[PDB]
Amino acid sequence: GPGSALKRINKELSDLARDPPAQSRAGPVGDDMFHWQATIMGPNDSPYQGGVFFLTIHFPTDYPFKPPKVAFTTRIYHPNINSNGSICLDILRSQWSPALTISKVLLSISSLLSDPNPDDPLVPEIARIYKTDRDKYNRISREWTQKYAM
């Protein structure tokens, strides 16, 4: 049951740190194998460049039939991540498949920083700035990157 979820979490870990996804680290933070920490580096081409961003990950008892709870603990200026570090990502909600792995989530989150989605935004203010004034969006993103993520 949870022993099943655990065998799967250990597999994902072993698979991971022995072939990490580009610009991310992730792993258990204690002896509790259901609670992970992760980092995503700001992608090279983005205003987040050079930032290190910390995430929290909670795996459910019936993984991977339910997705993990994933959040930012680093403050970040982005249309699809709120001030609580909640991420608007389909594959974490309605579009979750048990075929997905943490590698794929982190890769997916990283892409989201490379390229935000303003159309159905979680923070409609930042969404607006992005669509109307890009120069501004970068400045604030980089500025936030400098305050919070370096």
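Residue numbers here begin at 1 and follow the sequence given.
- Mean CA B-factor, 54-62 versus 116-124: the higher value falls on 116-124.
- In this entry, 132-140 has the higher mean Cα B-factor, the comparison being between 7-15 and 132-140.
- Per the PDB record, residue ranking by Cα B-factor puts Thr39 in the lowest third of the chain.
- When the modelled residues of the chain are ordered by C-alpha B-factor, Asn84 sits in the highest third.
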